[PDB]
Amino acid sequence: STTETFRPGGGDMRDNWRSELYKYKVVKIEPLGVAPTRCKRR
Amino acid sequence: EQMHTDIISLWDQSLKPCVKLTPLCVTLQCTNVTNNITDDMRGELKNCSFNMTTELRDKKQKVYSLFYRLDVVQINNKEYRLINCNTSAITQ
Amino acid sequence: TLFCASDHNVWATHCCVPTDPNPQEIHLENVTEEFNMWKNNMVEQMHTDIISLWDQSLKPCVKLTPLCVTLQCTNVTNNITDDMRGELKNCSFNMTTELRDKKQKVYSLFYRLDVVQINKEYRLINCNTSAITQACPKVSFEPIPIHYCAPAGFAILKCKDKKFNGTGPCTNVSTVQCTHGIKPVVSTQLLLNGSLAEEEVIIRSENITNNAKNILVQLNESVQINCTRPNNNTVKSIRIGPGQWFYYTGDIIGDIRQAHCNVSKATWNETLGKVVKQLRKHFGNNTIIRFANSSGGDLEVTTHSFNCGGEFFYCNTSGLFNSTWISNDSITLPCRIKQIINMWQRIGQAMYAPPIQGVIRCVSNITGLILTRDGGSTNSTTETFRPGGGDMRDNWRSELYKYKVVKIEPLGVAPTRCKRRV
Amino acid sequence: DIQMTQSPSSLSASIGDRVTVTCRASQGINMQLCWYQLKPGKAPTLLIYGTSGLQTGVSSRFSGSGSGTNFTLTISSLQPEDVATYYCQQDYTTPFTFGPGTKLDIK
Amino acid sequence: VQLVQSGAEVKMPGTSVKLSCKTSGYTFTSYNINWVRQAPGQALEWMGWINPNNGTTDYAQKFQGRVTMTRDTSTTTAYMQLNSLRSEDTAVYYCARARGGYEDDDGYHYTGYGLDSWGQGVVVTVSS
Amino acid sequence: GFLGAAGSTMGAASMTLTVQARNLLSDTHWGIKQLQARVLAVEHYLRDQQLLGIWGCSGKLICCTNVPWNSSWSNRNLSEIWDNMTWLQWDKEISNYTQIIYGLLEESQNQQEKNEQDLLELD
Amino acid sequence: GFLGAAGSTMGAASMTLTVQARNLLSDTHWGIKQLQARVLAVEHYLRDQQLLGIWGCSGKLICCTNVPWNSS
Amino acid sequence: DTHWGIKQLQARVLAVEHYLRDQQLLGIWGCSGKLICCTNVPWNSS
Ligand SMILES: *[C@@H]1O[C@H](CO)[C@@H](O[C@@H]2O[C@H](CO)[C@@H](O[C@@H]3O[C@H](CO[C@H]4O[C@H](CO)[C@@H](O)[C@H](O)[C@@H]4O)[C@@H](O)[C@H](O[C@H]4O[C@H](CO)[C@@H](O)[C@H](O)[C@@H]4O)[C@@H]3O)[C@H](O)[C@H]2NC(C)=O)[C@H](O)[C@H]1NC(C)=O
Ligand SMILES: *[C@@H]1O[C@H](CO)[C@@H](O[C@@H]2O[C@H](CO)[C@@H](O)[C@H](O)[C@H]2NC(C)=O)[C@H](O)[C@H]1NC(C)=O
Ligand SMILES: *[C@@H]1O[C@H](CO)[C@@H](O[C@@H]2O[C@H](CO)[C@@H](O)[C@H](O)[C@H]2NC(C)=O)[C@H](O)[C@H]1NC(C)=O
Ligand SMILES: *[C@@H]1O[C@H](CO)[C@@H](O[C@@H]2O[C@H](CO)[C@@H](O)[C@H](O)[C@H]2NC(C)=O)[C@H](O)[C@H]1NC(C)=O
Ligand SMILES: *[C@@H]1O[C@H](CO)[C@@H](O[C@@H]2O[C@H](CO)[C@@H](O)[C@H](O)[C@H]2NC(C)=O)[C@H](O)[C@H]1NC(C)=O
Ligand SMILES: *[C@@H]1O[C@H](CO)[C@@H](O[C@@H]2O[C@H](CO)[C@@H](O)[C@H](O)[C@H]2NC(C)=O)[C@H](O)[C@H]1NC(C)=O
Ligand SMILES: *[C@@H]1O[C@H](CO)[C@@H](O[C@@H]2O[C@H](CO)[C@@H](O)[C@H](O)[C@H]2NC(C)=O)[C@H](O)[C@H]1NC(C)=O
Ligand SMILES: *[C@@H]1O[C@H](CO)[C@@H](O)[C@H](O)[C@H]1NC(C)=O
Ligand SMILES: *[C@@H]1O[C@H](CO)[C@@H](O)[C@H](O)[C@H]1NC(C)=O
Ligand SMILES: *[C@@H]1O[C@H](CO)[C@@H](O)[C@H](O)[C@H]1NC(C)=O
Ligand SMILES: *[C@@H]1O[C@H](CO)[C@@H](O)[C@H](O)[C@H]1NC(C)=O
Ligand SMILES: *[C@@H]1O[C@H](CO)[C@@H](O)[C@H](O)[C@H]1NC(C)=O
Ligand SMILES: *[C@@H]1O[C@H](CO)[C@@H](O)[C@H](O)[C@H]1NC(C)=O
Ligand SMILES: *[C@@H]1O[C@H](CO)[C@@H](O)[C@H](O)[C@H]1NC(C)=O
Ligand SMILES: *[C@@H]1O[C@H](CO)[C@@H](O)[C@H](O)[C@H]1NC(C)=O
Ligand SMILES: *[C@@H]1O[C@H](CO)[C@@H](O)[C@H](O)[C@H]1NC(C)=O
Ligand SMILES: *[C@@H]1O[C@H](CO)[C@@H](O)[C@H](O)[C@H]1NC(C)=O
Ligand SMILES: *[C@@H]1O[C@H](CO)[C@@H](O)[C@H](O)[C@H]1NC(C)=O
Ligand SMILES: *[C@@H]1O[C@H](CO)[C@@H](O)[C@H](O)[C@H]1NC(C)=O
Ligand SMILES: *[C@@H]1O[C@H](CO)[C@@H](O)[C@H](O)[C@H]1NC(C)=O
Ligand SMILES: *[C@@H]1O[C@H](CO)[C@@H](O)[C@H](O)[C@H]1NC(C)=O
Ligand SMILES: *[C@@H]1O[C@H](CO)[C@@H](O)[C@H](O)[C@H]1NC(C)=O
Ligand SMILES: *[C@@H]1O[C@H](CO)[C@@H](O)[C@H](O)[C@H]1NC(C)=O
Ligand SMILES: *[C@@H]1O[C@H](CO)[C@@H](O)[C@H](O)[C@H]1NC(C)=O
Ligand SMILES: *[C@@H]1O[C@H](CO)[C@@H](O)[C@H](O)[C@H]1NC(C)=O
Ligand SMILES: *[C@@H]1O[C@H](CO)[C@@H](O)[C@H](O)[C@H]1NC(C)=O
Ligand SMILES: *[C@@H]1O[C@H](CO)[C@@H](O)[C@H](O)[C@H]1NC(C)=O
Ligand SMILES: *[C@@H]1O[C@H](CO)[C@@H](O)[C@H](O)[C@H]1NC(C)=O
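Chains as they are written, first to last, in the entry's author numbering: chain B, 463 to 504; chain R, 102 to 141, 150 to 185, 188 to 203; chain D, 51 to 57, 66 to 141, 150 to 185, 189 to 309, 312 to 323, 323A, 324 to 397, 411 to 505; chain Z, 1 to 107; chain U, 2 to 52, 52A, 53 to 82, 82A to 82C, 83 to 100, 100A to 100L, 101 to 113; chain X, 521 to 546, 568 to 664; chain F, 521 to 546, 568 to 613; chain E, 568 to 613.
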């Protein structure tokens, strides 16, 4: 009929947290890298 | 996941040094609280009495207390036990 | 400090670190190194860490303090063969329930080795010494291969010389990060499921002429030993307190027969003769080598102790160490079983081994022996070797004998023809 | 539910013979078919638990074996005391079921 | 071990009967008690079983509604009540002990050993 | 500020290396977790410093070496890489060759040390 | 590989010093023991680096200095 | 003794962190590996 039924749910507390932490991500900084240049060691 | 884990830990540590209620898991004698009860609350509260321990090991004291029915289960003035007695100790 | 690694089991839970597939080793050409298995501290660490696992594993399990009560017991005389007469006691007591004001009468069977008479009234044997903890039935102590691995800055050197006896120079050595897997089987007189010698029986000792030292004998062939607890035991349980269950043997089905272990007689005789030949190399090929049983002491020392299916057996080896060597059928060793165990030669800290449902059978490989010489003097140049008692450390020393731990020291100096440039 | 049946109804044998009876289970019962002996005027007793292994006090003359559904009880040497109706039961599942018994007469 | 039954009587169709089985020699709460009926002729049939430790019961479909069971752990005895009788219920009722299984934190484990320690049998007849 | 140059081109971002470098060092259960975290930060720092030392770079934020650039690692122009690309993009572009390049850097320094064992100028 | 040069002569062994350097930096009671082991690895590493610093050999695997060799 | 062990680890880790912090600054300032280092920053009379 295309009628959808929605009900209250939850009980898994992690889902409550997810509503505040959704905008944050943790990353690790990786300071080394290499690239080509015209410099040569002498 | 970390927020969840740390929260579980706080609750478990915070209750760590608190009074244990193992001595409270005794058979209770309970009747209904019928004094000035509206219809919506009939059967919700019970008036229980029991023999509780005291500061000396050889003494006992009679205690009267009120409980919500969700916390108290009938064995079979009727006798009752706390709902948890068959699962775990209950820390105050 | 070494850490362990491995490929509801205590060992797997603790040695959570994974191991490499196809681990490599580096042969060190032209390196001669000196090893000493008797001064090896890998043994000491392994011993200490094992004790810790047991104590941690039992830490959260049901305490059985409430069961240290007076028991009323009679002998089981119903369908008991002569071999088992007096071994089982049928006991009853007034036990608590989850509610503090109620008691229940509990009936159970116990082995006599766990129960002592008070002055019939009996008590559990541990009541005058210490509290006892029930081992959790869902926690397995079944040994699995464990690999000991060095931390960065350290290396483990392995001795590959084929005849290496644990002491002195070794010329075929290599560097590894982790040891081979060692299965931590705990036993007394005979060593089970270890590695085998490749060329011959190898006899290792710290001081071979010192009667205060043991002898560790590594076999190059295994001897199969088949152990059983033949009756159908039924496990029952009661609640002691909120959330705490106790297990006990309710009833044994069938005529009661003793637990026992079998070894092929011919195989046992052949692998004993092999040991004798190697002993002659140290004591003389014109002397007489005799074997005899243990000298006496606590059950845990005088018998062959092992964990079979989770049950604890104490078998009489006098049927094995009974021969004189001068220049088909199986041997049956009767066994006894007990549930209250003081493990690791400690006083107190007892554990209760829950009963096991059904009939128990296991098959193990004898890979080595611990023997002692019976003192003596020149006399009539007959010497007797008896199964030794031994420390549990001896069981780990026998596998770790080829490994050494060293520290790497990167700085050094030497003369050359260069000078600081400016 | 699991139906249980037996074949040799009204079997008869001489004293000293070897006597066997069979029992069949629907579905399969994990080798947990027990056997009982019922004499008129008496409570039934247990002979065999599982498909093999005797109840204490039961004579060694009794034995048994089977497959997942096909089971047999044997008396190695029939005695005058073995006249009873024998029953088989599935201790495998919850709605424990007994099959019809089979009476044994002396020839 | 000993199990003792009582309550043999004559009932009229439409009434109820409550039978009892007293037990001794074993931990009362450790073994499930089964009731088995022996109709005249016919065959033995299982009616149901009560777990004496927590009151869990399980009934044969034929008797659902009709049969209830209870336990007394102060006085170590078990009871069975058949709620509405008919002449078809004339039978010898037996009390029997399962000799295997145990409870745990994870629920009940049944090991499969058979029924032992049978009671004497109680005759109940239903006729006028 | 810290990571302010993350969206900048490699050329522009190479001028902020110092600010990034400065941000690398800055209840039993809880105490162990925190020690775990602090020790690891130190170990990672030291591993990067050791690699630079092995490659012959010490005390430098920008260090030149003798390893030729392979067109198979990345076939791009200097103007393309330095002016129209960021370091995040570059890191992804050549992540496949990180270990190859590192292996070569070590080999180059070892040859340099061998050449320095000569007292002869090697001209 | 690591320590493969252990049986080599000093001259030949010195050809592969990097391999020996790059391999130096790789339940409450268990956790504490492991932290102690990690800390010592770091402290020993740093001690050796400090000496190279003091002697003026920082950053080098092979360093020439002016201290003469004593025949004794 | 768990508490003693943690306090000692606290102290050792911290000593390492301070050491490295100062070494990093010498690196940043171009004075790595030296006890005495000349720079290009003029001294201010203020
Ligand atoms: C020396 O080395 C030998 C060989 O490794 C050891 O023998 C083994 O011992 C273990 C532990 O007792 C046995 O493990 C048990 O196996 C049962 C299944 O057996 C069947 O299936 C296997 C399939 O591999 C066949 O090989 C075997 O012949 C049978 O057909 C399991 O049912 C057991 O489970 C128990 O524990 C679980 C825990 O989760 C419970 O849930 C179960 O209910 C039950 O209690 C268990 O896993 C193993 O089978 C033995 N191997 C052999 C070949 O017999 C010796 O023990 C060792 N000696 C010493 C002294 O340690
Ligand atoms: C719970 O039960 C107690 C015991 O009967 C009640 O306390 C008594 O109350 C009467 C008045 O109705 C007094 O005269 C008695 O002296 C009290 N006895 C004691 C021992 O305190 C109590 O009021 C009941 N509580 C509720 C909510 O009904
Ligand atoms: C007990 O000893 C037997 C040999 O007598 C071991 O079984 C052999 O193991 C080797 C391993 O290289 C296999 O190549 C053989 O095929 C196995 N033989 C047989 C007949 O299977 C057995 O593994 C030993 N048991 C233990 C626990 O060590
Ligand atoms: C140990 O060996 C004995 C025999 O010495 C085995 O007992 C026999 O088992 C057979 C069945 O295989 C019976 O027919 C015999 O009557 C038994 N003999 C005796 C004296 O009882 C025993 O099973 C073996 N045990 C193990 C663990 O292998
Ligand atoms: C221990 O038990 C094993 C079986 O698990 C016995 O091995 C079998 O022995 C028979 C002869 O009696 C052979 O026909 C089988 O092929 C063997 N099976 C296997 C897998 O090897 C073994 O002999 C028993 N050992 C002892 C000492 O009694
Ligand atoms: C102990 O009980 C088990 C049943 O739990 C008996 O096992 C049966 O043994 C026969 C004989 O080999 C097998 O054919 C059956 O398959 C077994 N039952 C099962 C569940 O498969 C066992 O014989 C009993 N043992 C003793 C000595 O009492
Ligand atoms: C264990 O001891 C109890 C008694 O403490 C025994 O129980 C008795 O069993 C007989 C029949 O075997 C009954 O007639 C008695 O009435 C029972 N007494 C009680 C107090 O219940 C039990 O049989 C003994 N078990 C064994 C194997 O010896
Ligand atoms: C308490 O309320 C219940 C409601 O179902 C009633 O059946 C019970 O008899 C009452 N008890 C008392 C002591 O009033
Ligand atoms: C308290 O204990 C006495 C026995 O000393 C008993 O008679 C009484 O009923 C108990 N009262 C309660 C409320 O449990
Ligand atoms: C404890 O009692 C409650 C009563 O509502 C029951 O639902 C629960 O299953 C019981 N738990 C145990 C372990 O007996
Ligand atoms: C139980 O065994 C002991 C063994 O020392 C014996 O003295 C005692 O008389 C036996 N008791 C019975 C009832 O057989
Ligand atoms: C259990 O308690 C009763 C009194 O209720 C006493 O007569 C009996 O002897 C006690 N039994 C045991 C084994 O302690
Ligand atoms: C405990 O009792 C046994 C048996 O009488 C005795 O041998 C043992 O020495 C006693 N233990 C202690 C600590 O007294
Ligand atoms: C070392 O290994 C070689 C094979 O690679 C073997 O020929 C040699 O005999 C071994 N040396 C010793 C002392 O075993
Ligand atoms: C064997 O032990 C002796 C000491 O009893 C020792 O001198 C010798 O080096 C050891 N090794 C071998 C291979 O003999
Ligand atoms: C064990 O050593 C003896 C030495 O006499 C040899 O005859 C036998 O074949 C060896 N066994 C194995 C499995 O290598
Ligand atoms: C070996 O034991 C003898 C005792 O018979 C002792 O005199 C000798 O010193 C011991 N050997 C060593 C190396 O200690
Ligand atoms: C026996 O001992 C002598 C030394 O007295 C030794 O030379 C010989 O090899 C040994 N073995 C045999 C089989 O003679
Ligand atoms: C050793 O055997 C003798 C019989 O020759 C026996 O009297 C003694 O008790 C046995 N030793 C042990 C510890 O059982
Ligand atoms: C071992 O068996 C012998 C057989 O003569 C017996 O005398 C001895 O007491 C038994 N020892 C043990 C510890 O079972
Ligand atoms: C040792 O062997 C003799 C036969 O030479 C035998 O009489 C004696 O009983 C055996 N000892 C044991 C403990 O079996
Ligand atoms: C071992 O078997 C041989 C036969 O192959 C026999 O001559 C010898 O006497 C037996 N061993 C013992 C200790 O009797
Ligand atoms: C973003 O791109 C624009 C292009 O006009 C450039 O001017 C700006 O500096 C860039 N942002 C950063 C952080 O480099
Ligand atoms: C690197 O350059 C060589 C030619 O010097 C070429 O063979 C190789 O394929 C290039 N790239 C890689 C990833 O090997
Ligand atoms: C190599 O590059 C391909 C894309 O061309 C990618 O799918 C693969 O995962 C990369 N391998 C590694 C080790 O980065
Ligand atoms: C061991 O000595 C031989 C002598 O010819 C030499 O060729 C070989 O390289 C040496 N091994 C090592 C690791 O240097
Ligand atoms: C070092 O050389 C000096 C002479 O310059 C000499 O006196 C001294 O004994 C030598 N050795 C040592 C260890 O000082
Ligand atoms: C440094 O010198 C300049 C003049 O060249 C002066 O303006 C500035 O205030 C001085 N620095 C400080 C901290 O006063």
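Using N, Cα and C, we set each Cβ at its ideal position, and we do this for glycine too.
Exercise. Is there a Cβ from chain B that is less than 8 Å from the Cβ of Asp659 of chain X?
Worked result: As a working mapping, residue 659 of chain X is identified with position 118 in the sixth sequence. Taking Cβ atoms only, chain B never reaches closer than 8 Å to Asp659 of chain X, which makes this a no.
Problem set entry | Segment contact, 8 Å Cβ cut-off, at least three pairs: the stretch 96 to 104 of chain D with the stretch 468 to 487 of chain D | yes
For this session: Please go through the same chain and pick out, in chain order, the residues whose beta-carbon is closer than 7 Å to the beta-carbon of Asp82 of chain Z, but skip the five residues on each side of it.
Result: Mapped onto the fourth sequence, residue 82 of chain Z falls at position 82. Taken in chain order, the residues that qualify are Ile75, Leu104.
Exercise. Does the count of Cβ pairs from the stretch 419 to 439 of chain D and the stretch 379 to 389 of chain D closer than 8 Å reach three?
Worked result: yes
Exercise. Assuming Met150 of chain D contacts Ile326 of chain D under a Cβ cut-off of 8 Å, what Cβ separation, rounded to an integer in Å, is found between them?
Worked result: Residue numbering aside, residue 150 of chain D sits at position 84 when the third sequence is read from its first letter. Residue numbering aside, residue 326 of chain D sits at position 256 when the third sequence is read from its first letter. 5 Å between Cβ atoms; contact.
Exercise. Any Cβ of chain U within less than 8 Å of the Cβ of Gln79 of chain Z?
Worked result: Within the fourth sequence, numbered from 1, the residue matching residue 79 of chain Z stands at position 79. No, its Cβ sits nowhere closer than 8 Å to a Cβ of chain U.
For this session: Name, going along the chain, the residues of the stretch 522 to 542 of chain F whose beta-carbon falls closer than 9 Å to a beta-carbon of chain X.
Result: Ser534, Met535, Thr536, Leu537, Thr538, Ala541, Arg542
Problem set entry | CB of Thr77 of chain D within 8 Å of CB of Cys247 of chain D, strictly | Walking along the third sequence from the start, residue 77 of chain D turns up at place 19. Walking along the third sequence from the start, residue 247 of chain D turns up at place 178. In contact: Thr77 of chain D and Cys247 of chain D (Cβ atoms closer than 8 Å).
Exercise. Which residues, taken in chain order from the stretch 64 to 95 of chain Z, show a beta carbon closer than 8 Å to some beta carbon of chain D?
Worked result: none
For this session: Name, please, each residue of chain U whose Cβ falls closer than 8 Å to the Cβ of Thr303 of chain D.
Result: Taking the first residue of the third sequence as position 1, residue 303 of chain D is located at position 234. Those are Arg96, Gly97, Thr100H, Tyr100J, listed as they occur along chain U.
Problem set entry | Stretch pair the stretch 252 to 262 of chain D + the stretch 371 to 378 of chain D: three plus CB contacts closer than 8 Å | yes
Exercise. Is any beta-carbon of chain E found at less than 8 Å from that of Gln577 of chain F?
Worked result: If you number the seventh sequence from 1, residue 577 of chain F lands on position 36. Cβ-Cβ to chain E under 8 Å: yes for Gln577 of chain F.
Exercise. Taking any Cβ of chain F, which residues in the stretch 257 to 289 of chain D have a Cβ under 8 Å from it, in chain order?
Worked result: none
For this session: Report the three-state DSSP secondary structure of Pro220 of chain D (helix, strand or coil).
Result: Here residue 220 of chain D refers to the residue found at position 151 when the third sequence is read from its first residue. Note: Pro220 of chain D maps to coil in three-state DSSP.
Exercise. Can you check whether the CB of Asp91 of chain Z is closer than 8 Å to the CB of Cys23 of chain Z?
Worked result: Looking up residue 23 of chain Z in the fourth sequence gives position 23. Looking up residue 91 of chain Z in the fourth sequence gives position 91. Taking 8 Å as the Cβ cut-off, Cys23 of chain Z and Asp91 of chain Z do not qualify as a contacting pair.
Exercise. Chain B beta carbons: is any one of them nearer than 8 Å to that of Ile622 of chain X?
Worked result: Along the sixth sequence, one-based indexing puts residue 622 of chain X at 81. It does; some Cβ of chain B falls within 8 Å.
Problem set entry | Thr90 of chain D - DSSP class collapsed to helix/strand/coil | In the third sequence, counting from the first residue as 1, residue 90 of chain D sits at position 32. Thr90 of chain D falls in the coil class under three-state DSSP.
Exercise. Hey, is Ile277 of chain D close to ligand 15, as in C-beta under 7 Å from one of its heavy atoms?
Worked result: In the third sequence, counting from the first residue as 1, residue 277 of chain D sits at position 208. Correct: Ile277 of chain D has its Cβ closer than 7 Å to ligand 15.
Exercise. Under 7 Å from any heavy atom of ligand 20, does the C-beta of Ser388 of chain D make it?
Worked result: The residue given as residue 388 of chain D occupies position 318 in the third sequence. Yes, ligand 20 has a heavy atom inside 7 Å of this Cβ.
Problem set entry | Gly572 of chain F: contacting residues in chain X (beta-carbon distance under 7 Å) | On the seventh sequence, position 31 is the one that residue 572 of chain F refers to. The contacting residues are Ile573.
Exercise. If we count Cβ pairs, one from each stretch, closer than 8 Å, do we get three or more for the stretch 161 to 180 of chain D versus the stretch 114 to 131 of chain R?
Worked result: yes
Exercise. Which one of D:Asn386, D:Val505, D:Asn363 has the shortest CA to CA distance from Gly471 of chain D?
Worked result: Mapped onto the third sequence, residue 471 of chain D falls at position 388. Selected option, being the one with the closest Cα: D:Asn363.
Exercise. Should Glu662 of chain X be flagged as near chain A, meaning a C-beta pair shorter than 8 Å?
Worked result: Here the protein chains are B, R, D, Z, U, X, F and E, and chain A is not one of them.
Exercise. Between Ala224 of chain D and the rest of its own chain, which residues show a CB-CB distance below 7 Å, the 5 nearest in sequence each way excluded?
Worked result: Taking the first residue of the third sequence as 1, we reach residue 224 of chain D at position 155. Excluding sequence neighbours, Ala224 of chain D sits near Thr244, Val489, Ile491.
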